$ cat my_file_15.pdb   # PDB, C-alpha atoms
ATOM      1  CA  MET A   1      47.536 -52.168 -26.907
ATOM      2  CA  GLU A   2      44.668 -51.920 -24.465
ATOM      3  CA  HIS A   3      41.260 -53.010 -25.744
ATOM      4  CA  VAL A   4      38.869 -50.168 -25.072
ATOM      5  CA  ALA A   5      36.631 -48.565 -27.731
ATOM      6  CA  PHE A   6      36.266 -44.816 -28.318
ATOM      7  CA  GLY A   7      32.748 -44.020 -27.345
ATOM      8  CA  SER A   8      32.093 -46.948 -24.945
ATOM      9  CA  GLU A   9      29.176 -46.110 -22.445
ATOM     10  CA  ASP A  10      31.141 -47.456 -19.532
ATOM     11  CA  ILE A  11      34.547 -45.992 -20.537
ATOM     12  CA  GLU A  12      35.052 -44.140 -17.346
ATOM     13  CA  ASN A  13      35.125 -47.263 -15.078
ATOM     14  CA  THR A  14      37.528 -48.928 -17.332
ATOM     15  CA  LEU A  15      40.043 -46.063 -17.459
ATOM     16  CA  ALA A  16      39.764 -45.630 -13.741
ATOM     17  CA  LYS A  17      42.116 -48.615 -13.353
ATOM     18  CA  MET A  18      44.577 -47.241 -15.871
ATOM     19  CA  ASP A  19      47.928 -45.698 -14.986
ATOM     20  CA  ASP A  20      50.009 -43.485 -17.298
ATOM     21  CA  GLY A  21      51.783 -46.232 -19.410
ATOM     22  CA  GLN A  22      48.449 -48.106 -19.547
ATOM     23  CA  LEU A  23      46.772 -44.933 -20.870
ATOM     24  CA  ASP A  24      49.640 -44.926 -23.388
ATOM     25  CA  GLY A  25      48.223 -48.188 -24.654
ATOM     26  CA  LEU A  26      44.947 -46.842 -25.796
ATOM     27  CA  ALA A  27      43.832 -46.759 -29.479
ATOM     28  CA  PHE A  28      42.890 -43.037 -29.235
ATOM     29  CA  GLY A  29      43.507 -39.727 -27.625
ATOM     30  CA  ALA A  30      43.162 -39.325 -23.922
ATOM     31  CA  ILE A  31      43.501 -36.237 -21.726
ATOM     32  CA  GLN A  32      42.405 -36.037 -18.041
ATOM     33  CA  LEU A  33      41.548 -32.537 -16.882
ATOM     34  CA  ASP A  34      40.709 -31.014 -13.495
ATOM     35  CA  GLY A  35      37.654 -28.719 -13.053
ATOM     36  CA  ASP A  36      39.594 -25.742 -14.107
ATOM     37  CA  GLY A  37      41.160 -27.258 -17.226
ATOM     38  CA  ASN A  38      44.659 -28.184 -16.125
ATOM     39  CA  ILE A  39      46.184 -31.276 -17.648
ATOM     40  CA  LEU A  40      46.763 -34.183 -15.168
ATOM     41  CA  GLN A  41      47.105 -37.066 -17.616
ATOM     42  CA  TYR A  42      47.996 -37.114 -21.438
ATOM     43  CA  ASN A  43      48.651 -40.190 -23.599
ATOM     44  CA  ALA A  44      50.982 -40.861 -26.443
ATOM     45  CA  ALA A  45      48.162 -41.107 -28.889
ATOM     46  CA  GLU A  46      47.244 -37.449 -28.300
ATOM     47  CA  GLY A  47      50.901 -36.711 -28.724
ATOM     48  CA  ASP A  48      50.838 -38.516 -32.097
ATOM     49  CA  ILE A  49      47.667 -36.756 -33.177
ATOM     50  CA  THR A  50      48.760 -33.128 -32.194
ATOM     51  CA  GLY A  51      52.562 -32.829 -32.022
ATOM     52  CA  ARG A  52      52.719 -32.376 -28.323
ATOM     53  CA  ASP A  53      55.051 -34.009 -25.899
ATOM     54  CA  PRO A  54      52.987 -35.766 -23.255
ATOM     55  CA  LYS A  55      55.261 -35.242 -20.289
ATOM     56  CA  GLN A  56      55.776 -31.453 -20.945
ATOM     57  CA  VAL A  57      52.109 -30.514 -21.242
ATOM     58  CA  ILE A  58      51.099 -31.975 -17.841
ATOM     59  CA  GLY A  59      50.479 -29.096 -15.563
ATOM     60  CA  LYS A  60      49.483 -26.478 -18.154
ATOM     61  CA  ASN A  61      45.979 -25.410 -18.922
ATOM     62  CA  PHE A  62      44.389 -26.845 -21.990
ATOM     63  CA  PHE A  63      42.181 -23.950 -22.788
ATOM     64  CA  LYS A  64      44.463 -20.991 -21.737
ATOM     65  CA  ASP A  65      48.026 -22.219 -22.526
ATOM     66  CA  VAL A  66      47.902 -25.367 -24.767
ATOM     67  CA  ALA A  67      44.948 -25.265 -27.183
ATOM     68  CA  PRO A  68      43.248 -21.742 -27.575
ATOM     69  CA  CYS A  69      41.067 -22.838 -30.572
ATOM     70  CA  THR A  70      38.995 -24.830 -28.014
ATOM     71  CA  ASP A  71      38.701 -21.633 -25.985
ATOM     72  CA  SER A  72      35.269 -20.944 -27.526
ATOM     73  CA  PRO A  73      31.557 -21.638 -26.758
ATOM     74  CA  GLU A  74      31.483 -24.740 -28.940
ATOM     75  CA  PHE A  75      34.201 -26.511 -26.812
ATOM     76  CA  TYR A  76      35.410 -24.741 -23.550
ATOM     77  CA  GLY A  77      31.965 -23.481 -22.983
ATOM     78  CA  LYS A  78      30.870 -27.134 -23.083
ATOM     79  CA  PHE A  79      33.434 -28.159 -20.537
ATOM     80  CA  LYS A  80      32.677 -25.271 -18.161
ATOM     81  CA  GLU A  81      28.810 -26.228 -18.040
ATOM     82  CA  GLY A  82      29.759 -29.828 -17.336
ATOM     83  CA  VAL A  83      31.990 -29.175 -14.385
ATOM     84  CA  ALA A  84      29.508 -26.665 -12.901
ATOM     85  CA  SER A  85      26.473 -29.013 -13.252
ATOM     86  CA  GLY A  86      28.615 -31.967 -12.209
ATOM     87  CA  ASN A  87      27.982 -34.049 -15.334
ATOM     88  CA  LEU A  88      29.319 -34.012 -18.843
ATOM     89  CA  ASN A  89      28.904 -36.524 -21.643
ATOM     90  CA  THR A  90      29.034 -35.002 -25.077
ATOM     91  CA  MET A  91      30.441 -35.964 -28.495
ATOM     92  CA  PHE A  92      31.329 -33.678 -31.496
ATOM     93  CA  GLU A  93      33.635 -33.048 -34.437
ATOM     94  CA  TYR A  94      36.130 -30.201 -34.392
ATOM     95  CA  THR A  95      39.210 -28.913 -36.076
ATOM     96  CA  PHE A  96      42.394 -28.316 -34.026
ATOM     97  CA  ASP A  97      44.519 -25.634 -35.807
ATOM     98  CA  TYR A  98      46.877 -23.990 -33.404
ATOM     99  CA  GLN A  99      50.472 -24.193 -34.353
ATOM    100  CA  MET A 100      49.679 -27.290 -36.456
ATOM    101  CA  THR A 101      48.356 -28.564 -39.703
ATOM    102  CA  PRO A 102      44.593 -28.483 -39.238
ATOM    103  CA  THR A 103      43.324 -31.828 -38.102
ATOM    104  CA  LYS A 104      39.603 -32.629 -37.822
ATOM    105  CA  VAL A 105      38.944 -34.927 -34.941
ATOM    106  CA  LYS A 106      36.070 -36.518 -33.111
ATOM    107  CA  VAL A 107      35.923 -35.267 -29.628
ATOM    108  CA  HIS A 108      34.339 -36.839 -26.562
ATOM    109  CA  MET A 109      34.184 -35.118 -23.214
ATOM    110  CA  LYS A 110      32.946 -37.197 -20.344
ATOM    111  CA  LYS A 111      33.169 -36.939 -16.485
ATOM    112  CA  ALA A 112      35.526 -39.498 -14.909
ATOM    113  CA  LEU A 113      34.370 -41.735 -11.984
ATOM    114  CA  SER A 114      36.905 -39.953  -9.723
ATOM    115  CA  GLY A 115      35.803 -36.932  -7.760
ATOM    116  CA  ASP A 116      36.421 -33.880  -9.826
ATOM    117  CA  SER A 117      38.230 -35.156 -12.827
ATOM    118  CA  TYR A 118      37.150 -35.056 -16.474
ATOM    119  CA  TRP A 119      38.046 -36.894 -19.592
ATOM    120  CA  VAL A 120      38.831 -35.592 -23.057
ATOM    121  CA  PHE A 121      39.031 -38.298 -25.768
ATOM    122  CA  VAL A 122      39.882 -37.754 -29.395
ATOM    123  CA  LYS A 123      40.487 -39.574 -32.711
ATOM    124  CA  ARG A 124      40.841 -38.621 -36.306
ATOM    125  CA  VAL A 125      37.927 -38.334 -38.697
TER     126      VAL A 125
END

$ encode --input "my_file_15.pdb" --output "structure tokens"
Amino acid sequence: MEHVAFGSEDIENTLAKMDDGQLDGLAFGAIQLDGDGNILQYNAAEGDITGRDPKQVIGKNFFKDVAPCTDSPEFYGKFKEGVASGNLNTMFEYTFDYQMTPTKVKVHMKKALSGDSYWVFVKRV
């Protein structure tokens, strides 16, 4: 298990060093997303939380294909402002309900160190 805390101010430097099986060590959900919303990385914890198979969802689009309930102004809309402005750090609660038992989570979107990448982190509430 890799010792990083959900919500750490410097999270993005830390994860920068982390490869896929290292990201599978985290204590929480972790998705890395391009500027358009396509899934580049996806850890086991998010698999555990949502039912999804990590390796299959890489390549698909989070908002269009994977998770339509986040296609809304309260979530996607947040993401799209971020990417456009070139900065995103926000935290909120939300309920994922698509093709699953509804699960309330805490959600943290934050811009990765790397060029045009963006992090989506998640844990149960």

$ closest_residue --input "my_file_15.pdb" --among "A:83, A:109, A:100, A:15" --to "residue 69 (chain A)" --atoms "only C-alpha atoms"
A:100

$ atom_distance --input "my_file_15.pdb" --atom1 "CA of residue 11 (chain A)" --atom2 "CA of residue 39 (chain A)"
19.0 Å

$ closest_residue --input "my_file_15.pdb" --among "A:66, A:88, A:49, A:44" --to "residue 118 (chain A)" --atoms "all atoms listed in the file"
A:88

$ resolve_selection --input "my_file_15.pdb" --expression "the PyMOL selection byres ((chain A and resi 6) around 12)" --output "count of residues only"
29

$ atom_distance --input "my_file_15.pdb" --atom1 "CA of residue 54 (chain A)" --atom2 "CA of residue 85 (chain A)"
29.1 Å

$ closest_residue --input "my_file_15.pdb" --among "A:58, A:16, A:105, A:31" --to "residue 125 (chain A)" --atoms "all atoms listed in the file"
A:105

$ residues_around --input "my_file_15.pdb" --residues "residue 62 (chain A)" --least-positions-apart "4" --cutoff "10 Å" --atoms "all atoms listed in the file" --output "number ranges by chain"
A: 31, 33, 36-39, 57-58, 66-68, 70-71, 76

$ closest_residue --input "my_file_15.pdb" --among "A:61, A:22, A:13, A:89" --to "residue 43 (chain A)" --atoms "all atoms listed in the file"
A:22

$ atom_distance --input "my_file_15.pdb" --atom1 "CA of residue 21 (chain A)" --atom2 "CA of residue 116 (chain A)"
21.9 Å
